[PDB]
């Protein structure tokens, strides 16, 4: 018995990450085992850690948490430093529009757990953590129960399956701060502190949890690892286009007929996501813009781009929020400003004051109360959130809003007049 959760729609053309999670229910260990679950783990424990790193490297897997760092390379960096080492699953998923990770957690927890065990073995970590946002209580209870299932079947604990490898997985909960998804802030929170990002360098792979080598990976990233081991890295690389291989989850929301999570290859275009998969727009209205979470704004002239990691690609985490012709872009921009205002940790002065002022001033603009100096101030603040910032939030808090100013000048003009 778990807390109620909405039944997010999920669809897959690949039948990998959503093979089970396309059904809105918890798949417990017996059902998982019937699908061949934990067999990739068994295979991994007969390989050397170095071989697993090699396979994950050759797979071309990249981080699905937004920065797109090559996963195998990250692991290689960690194992250059002496142990003990720590592995962390980042389940903090808190960006507007992003709900891809939760359906893995809530529906196919053993896929994630299996990935965690393999990844931990690869980097020689005997202690792993899942940090799940506080607003995902069902996910937390489901993970705690799944871990106990795995322990009873002998997939966790000491001397796993006779391999001499020991692991425990601990589940931590967040308590309302988006910044705790930033990997160094997450580590601070795991250490029982306020979730304040750390100056980098050093990076976690060198100095992380308790100052030890620490790999942090996103839920979706980790869920790919069982597939790489099961299929082999070559077979994995045949999924999707040569240059951007592997399955990807796209959480699609806003003004589409079929909002939900789509598992698609990365040669899919933004237009296809909206019109071929998500059923087109509500009322068949014209698309005005797509917000890539709280990161980027794409116009209707930019729908033919690939959902990949290329320079001209969609990028981000693949979050697709669709606005149609009747939606107010300034109102939407205000929602983004409000997010960054609420989430800055306030350590860095331009971020602290910039996120606040951006939202404050935009609200005045939206309500038709802004002076000419407010408009000038708004432009200035928007361009000056980033200086001295020590994490990615300060660097991007003005990005999407700036894109709306550049791509929708007419709409902003109406507010100025």
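Under this definition, the rigid core comprises the largest set of C-alpha atoms superposing within 1.5 Å between the forms. Numbering follows the first chain given and starts at 1.
Taking the rigid core as the alignment reference, the C-alpha atoms of 235-243 lie farther on average from the displayed form in 7 other deposited structures of this protein than those of the other stretch among 235-243 and 286-294.
Higher mean CA temperature factor, per the PDB entry, when comparing 198-206 with 110-118: 198-206. Remark: stretch with higher mean C-alpha B factor among 372-380 and 36-44 is 372-380. Note on the listed residues 248, 133, 285, 102: the highest Cα temperature factor in the record is that of 285.
Listed residues 181, 226, 260, 84 were ranked by CA B-factor as deposited; 84 comes out on top. In the deposited entry, the Cα temperature factor of residue 162 places it in the middle third of its chain's modelled residues. Split the chain's modelled residues into thirds by C-alpha temperature factor. Residue 313 is in the highest one.
Placement of the Cα temperature factor of residue 365 within the chain: highest third of the modelled residues, per the deposited record. Sort the modelled residues of the chain by CA B factor and residue 214 lands in the lowest third. Ranked by Cα temperature factor within the chain, residue 149 sits in the middle third according to the deposited record.
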